[PDB]
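Coming up is one lone chain in structure tokens, specifically the form deposited in one PDB entry.
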């Protein structure tokens, strides 16, 4: 009955993923560290999954480190960077943008509050909702250690120019090296891109990349890509313990979850283009129907000029004092969506800081609703929720 359009918040598990998790729970329950066959069996599942993730993003198995999820992966990159700077050695400097996920913004703000590091939160262009390359390069100081920019924004869907950033940073690094300055590394939070658009680390040129399983129909765990970890790129751990994950992330491996993530990654490798095309077809049809139904009263908050965006995201607002996002969704009987990051669902009456950062007017941001379609969404489901929205609007704003 309901129509789910909140895939950016989380995705359901593919049946093959569920199957993998289940078989691992039953068949490969042994401690992966144990010498006997049962332990070696779990280890192989883990090795296979590491290769799956590596293949998904075009990196190598040795560049993948499993973590409990996106939040851990993001905090890890930031924590490692601070340690690296102190080992190389005044505080480390970070460069990021104003629309990152809480797992990037907050750990950085925390470092600032504690006076451990200095951070330049580069405002995104209020024109295209994208961080601009020149603003990032201009922010680099002798103490700059890491540039962390999300590949795609979870609320707007806007793609950031990661590949250009890495390229410009590489160029600037050649000068720093000759000058005796350490290199500025680059990390990208790719949580919302995986499974929606091709993600290749060689194309992106990044040194770190965050992988989030529950964004691409996988389990609630994740990983962190680190270009030639320990050799080409340094990684200092947050956790200390039994030596798992080459001591970069100790703790008995969660084989079942890893198995699920691996299978999830395989499906992306094999079908990413199919998913992307279907999402784009559905999202475009969705925007077409919303425009036909609401005309001049609707504003498409995800259609910025000159920039790319996820194929599945359509953040929009309908003009009207009575059409606050959370009020509209409350009146919907079929549509399941959100007004922004799930992480902020306890204050839905407040305009999204992210949309405001993107130049979206306050009253437009207050009425914003984020629709994010998925692999299974159909045109018939789009029609259903457009009609659901029509009734919700007519009830709140009334006829115009």
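Positions refer to the first chain, counted from 1. What we label the rigid core is the largest C-alpha set whose atoms superpose within 1.5 Å from one form to the other.
From this point on, the text means the form deposited in another entry, which you will not see here.
- Only 305, out of 241, 305, 228, 142, shows a C-alpha shift of 2 Å or more between this form and the one not shown on alignment of the rigid core.
- Remark: with the core as the superposition reference, the CA shift of residue 51 between this form and the one not shown stays below 2 Å.
- Superposition on the rigid core between this form and the one not shown places the CA atom of residue 29 less than 2 Å from its counterpart.
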